[PDB]
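> Input: one structure, supplied below.
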DNA sequence: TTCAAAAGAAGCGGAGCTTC
Ligand SMILES: Nc1nc2c(ncn2[C@@H]2O[C@H](COP(=O)(O)O)[C@@H](OP(=O)(O)OC[C@H]3O[C@@H](n4cnc5c(N)ncnc54)[C@H](O)[C@@H]3O)[C@H]2O)c(=O)[nH]1
Ligand SMILES: [Mn+2]
């Protein structure tokens, strides 16, 4: 009751009665919200928020008074104050648009007159804003406090939303657009990553608006109003921004991108401010005024980010104590601007940085259309990073006279998969350009003697930055390779940088000099290396040289290796010992390092081993079809085409096939994580078509530079030796493209057969519009699938071990089955409650359920063990936010458009998510979390998931701790964790209660293709409990292996580069033994440990 | 079926079916 009259005192004039049982118009704003116990927003109570905040922003003194702080961010100066004054005036224009739009709505279809007569329009999907209007003579008007506060939220969102949007990948776009991921057109993914979907824009706006309103949700009010009213407000604000042209709306017709797709999709992009707009130096003034506890802000000095209580976008999952400890540790690290790189970036200038690191200026007619779109996407990313960096620098520069002395902190959160992610799009963790200007690494080195350990550290940092693969060679060999480079190709660049570090000037051909010197080594960190070595050369005191140059301790094929260690469940095999050594687990070799292994024992890493296995599987494939000439020809053409355009595939003069580890890197990784072969085939083809489109721009360029040039020379000039030698390359290309688009392999009854597509590639090539589309793309993909990817998959399995593949399958099925039941039961418990609501006369279809009701439903699922617990991490595989549960609109704008589906936090099918969740989570996730919290945890590093940047002073000890953290994570047992959860599930699940849809989904996972079709609940049930037994057995094995492995002498250098391996000090000595001998000895220990328990 | 975040628009009518 105190709450009712409390919220009424604040909004006494809103239309309707604050009682859900009342007969006439009811006010769902006061029913849905209460005043907080403690102030959240300084606009609560204000009769004119826009006037008050504008006043607050009008001077430093007034701002300080308003926020009740004694001092304001020094970035808030005259120039910035003047810009905010102009932005407040614009807030008035947004407010004015909103008021007119309301008046239009009230007048159309006499909604206002009807509402006044008792028609409950304030409950319509388009009428929820009527809960915040006030009667005004013969009509209605917005409550000014609520209206103007939402506008302030709208201005803040307008300033910073773009910079906080999620990144879209091909997967996201395919889901959005309904177009198969493998067939997405060029630049479509780019078009979609640039804008916001309606849901994306509205939900971020709504969150901000509700935040500024500064109220609390009533647990017993229907979500249709608690979420609905601020969403209706957001929708209206987005619409006003479209009217004001602060936001551009683009309705994308899928019909032209695919004749059969009927979706039309809205894209919303915020009009960018000028890069030199003063407000960029301090874009959060409003947020920091309105909110008592601002979320959008920079953390300078000893202003430390708070620790997140719950997993990112998974509010049902609390960050564990150990996770919070890790977050705290990472949020405490101080970052500092490295002034020389900033000055270098600035002196080069945005345009030359793009020429150097992007695609420079685009001549949209020396470029193939499709290529042109990738180039644009490239520039976008570098340009945004540049602009974002310098906005941050502008704000840092205000904090002090020496920007290199201003400490900077970053907020972090744990993601769904256990990774510690730095919040924001453009920060050191996520943006390479920013990574080289803002660093937590720093050291003072004695470089007066090139025989110091300090100089050796310095060399290692330069080499790694320069794309020398420092983990494949010893420190000594590295040193000689680096010296060769600095005295050879890099010298002209080094000389230029010496000059720059002397006078502060660059030549006009700087881009050329860098580009030529670096060649393929070019990167932002390479620039840091040139900068730092040249700074050392001109340094006055080489004996105390200060530098943020770092060495990254980086995982060697980290995910696959972790999966092999964590989820291989059988006896030990020699192949496993050899392969796992490729990832830094050395048995019976005290103090062995990855550098030594690679140089003296085995130069092939796990990607190369898989690639070599691929070549065998391919050789086998060729045999089974040896007499079938058309099939041999089809394979040769695929191999030929890839050879023309991909560096990783080489065909020799006499036909010798050679493959670089590169083509196996991504396919190995994602295959373990549950990717299908088709998806991989599609990716390989993309890399082929990308290269082709690019070669077409080469044609246009060479052809324009010389109209005489022959087609062959224009397309294979750079790639060939002679004229006629380029004429055969052209012949291969045209033959390959034709056979690969007109003929596809299919698998009928275990055998491959060629079929005509009837849609072969035909016609003269026009290098500008040339596009491999639809039916042609699919054909290329089918060829790639059967003649390359399928043998690759065979190679992968032989490499990582069939035992691991088996474990990931049981893990996948268990977590899928569980997610299906969870999803289905949730939806059912929801439909039950809504049927109870039709009995309620206070309730209307569209109101949905209360939070309290949703909470009770979620709690009722606890006996199905939705959460996986390791003791230090919590995983919620099924957790999601979906439109499928409520299946209805939440709100629209006042024009009956911008219809936002009602989204609910609820479990959904996992699919294959179980694998990467557990592998990433208990692998690199657990390693980094351990690294942050362990005794003697390395200080002043930047952690990037499976690699860690270390200052040059501490590379040895930090690397050793990193490898100890790896070993610690290898004591994990993610299958055991899944088993514990799945066995509780199996004890409580009622398969008979599931919908038939749920039931068949489970059949797919638990039952062979055959026994499905028409199996009973009991067949499903019995099959589901077999998986539990499988899990139990795997988990037992994993546990034994780990204990046995711990008894033996191990050297671990998975976090490689520095050559500082962790020794487990196992007492049983397996040195001077072959992998076969070692496997036998480990299997004895395994059997003996299996008996300790059996008895 | 790789993971790390979801996600059509809009007339009529007042939800939800319909057509593009
Ligand atoms: N889950 C995931 N992680 C990704 C993906 N792309 C990149 N990452 C992570 O970021 C670094 C690279 O950051 P950068 O700014 O230096 O480029 C990357 O390191 P690695 O390339 O060495 O891979 C380490 C482990 O990450 C997982 N992983 C990589 N790539 C993928 C993909 N495509 N899909 C799933 N998982 C991936 C593996 O466990 C790998 O061993 C990553 O740490 C990304 O798309 N997804
Ligand atoms: Mn790595």
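Residue numbers (the entry's author numbering): 6 to 1100.
Backbone N, C-alpha and C fix where the C-beta goes; we use that ideal spot for every residue, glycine too.
For the alpha helix (DSSP H) containing residue 612, name the first residue and the last one.
Element bounds for residue 612: 611-629.
> List the DSSP bridge partners of residue 414.
DSSP lists 304 as partners of residue 414.
> Looking at the unbroken alpha helix (DSSP H) that takes in residue 974, where does it start and where does it end?
Looking at the DSSP string, the run of the alpha helix (DSSP H) that includes residue 974 is 960-974.
> Label residue 127 either buried or exposed according to how many other C-beta atoms from any shown protein chain fall within 10 Å of its C-beta, with 16 as the threshold for buried.
By the 10 Å Cβ count, residue 127 comes out buried.
> Any chance you could list the alpha helix (DSSP H) runs of at least 4 consecutive residues sitting entirely within the stretch 433-508, in chain order?
Listed in chain order, the complete alpha helix (DSSP H) runs (minimum 4 residues) inside the stretch 433-508 are 437-440, 458-470, 480-492 and 496-508.
> Is the beta carbon of residue 148 closer than 8 Å to that of residue 19?
Going by C-beta atoms, residue 19 is nearer than 8 Å to residue 148.
> Going by DSSP, which residues form a beta bridge with residue 114?
DSSP output for residue 114 lists no bridge partner at all.
> Could you check where the alpha helix (DSSP H) with residue 919 kicks off and where it finishes?
That run of the alpha helix (DSSP H) goes 919-925.
> By how many angstroms is the C-alpha of residue 470 removed from the C-alpha of residue 505?
Whole-angstrom Cα-Cα distance: 20 Å.
> Are residue 789 and residue 704 close, meaning C-beta to C-beta below 8 Å?
Taking 8 Å as the Cβ cut-off, residue 789 and residue 704 do not qualify as a contacting pair.
> Kindly indicate the opening and closing residues of the alpha helix (DSSP H) around residue 1160.
Residue coverage of the chain in this structure runs from 6 to 1100, which leaves residue 1160 outside it and unanswerable.
> Kindly indicate the opening and closing residues of the alpha helix (DSSP H) around residue 318.
It is not in any alpha helix (DSSP H) - residue 318 carries neither H nor E in the DSSP assignment.
> Taking the straight line between their C-alpha atoms, what separation do you get for residue 853 and residue 227?
One C-alpha to the other measures close to 6 Å.
> Could you tell me whether the Cβ atoms of residue 893 and residue 222 are closer together than 8 Å?
In this structure, residue 222 does not lie closer than 8 Å to residue 893 by Cβ.
> Counting only the same chain and skipping the five closest in sequence on each side, list residues whose C-beta sits under 8 Å from that of residue 531.
Excluding sequence neighbours, residue 531 sits near 470, 471, 472 and 523.
> Is residue 746 buried or exposed, if buried means 16 or more other CB atoms sit within 10 Å of its CB?
Residue 746 comes out buried.
> Is residue 674 a contact residue of ligand 1, with contact defined as CB to any heavy atom under 7 Å?
The answer is yes for residue 674.
> Tell me whether residue 559, by its Cβ, gets closer than 7 Å to a heavy atom of ligand 2.
Because some heavy atom of ligand 2 lies under 7 Å away, the Cβ of residue 559 counts as near it: yes.
> Residue 219 to residue 851, Cα distance in whole Å?
Looking at the two C-alpha atoms, the distance is approximately 25 Å.
> Hey, quick one: how far does the beta strand (DSSP E) through residue 759 stretch, first residue to last?
Note, residue 759: beta strand (DSSP E), 756-761.
> Could you tell me the boundaries of the beta strand (DSSP E) in which residue 594 lies?
Counting along the chain, residue 594 falls outside any beta strand (DSSP E), and DSSP gives it neither H nor E.
> DSSP on residue 1103, reduced to helix/strand/coil?
Residue numbering for the chain in the displayed model covers 6 to 1100; residue 1103 lies beyond these limits and cannot be assessed.
> Consult DSSP for residue 1034 and reduce its assignment to one of helix, strand or coil.
Helix, per DSSP.
> Which residue marks the beginning of the alpha helix (DSSP H) containing residue 685, and which one marks its end?
Residue 685 -> alpha helix (DSSP H) spans 682-709.
> Cβ atoms of residue 882 and residue 820: under 8 Å apart, would you say?
Yes, the pair counts as a contact, with Cβ atoms nearer than the cut-off.
> Between residue 173 and residue 156, how many whole angstroms is the CB-CB distance? I'm expecting something under 8 Å.
With a Cβ gap of about 29 Å, residue 173 and residue 156 do not count as contacting.
> Just mark residue 441 as buried or exposed, buried being the case when its beta carbon has 16 or more other beta carbons within 10 Å.
It counts as buried.
> How many whole angstroms separate the CB atoms of residue 557 and residue 239, which I take to be in contact at a CB cut-off of 8 Å?
Wrong, their Cβ atoms sit about 42 Å apart, outside the cutoff.
> In chain order, what residues of the same chain lie with their CB nearer than 7 Å to the CB of residue 365, ignoring the 5 residues before and after it?
Answer for residue 365: 359, listed in chain order.
> What residues match up with residue 559 in a beta bridge as DSSP calls it?
DSSP, once it has assigned bridges, lists 952 and 1061 as partnering residue 559.
> Hey, would you say residue 452 sits closer than 8 Å to residue 394, going by beta carbons?
In this structure, residue 394 does not lie closer than 8 Å to residue 452 by Cβ.
> What's the C-alpha gap between residue 454 and residue 960?
Whole-angstrom Cα-Cα distance: 19 Å.
> Out of curiosity, what's the CA-to-CA distance linking residue 1053 and residue 891?
Near 56 Å, if we compare the C-alpha coordinates of residue 891 and residue 1053.
> Looking only at its chain, what residues have a beta carbon closer than 8 Å to the beta carbon of residue 348, apart from the 5 residues adjacent to it on each side?
Here the set comprises 509.
> Ignoring anything shorter than 3 residues or poking outside the stretch 859-933, list the beta strand (DSSP E) runs there in chain order.
For the stretch 859-933, whole beta strand (DSSP E) runs of length 3 or above, ordered along the chain, are 884-887, 894-896 and 909-912.
> Put residue 255 into one of helix, strand or coil per three-state DSSP.
The answer is strand: DSSP assigns residue 255 an E or B state.
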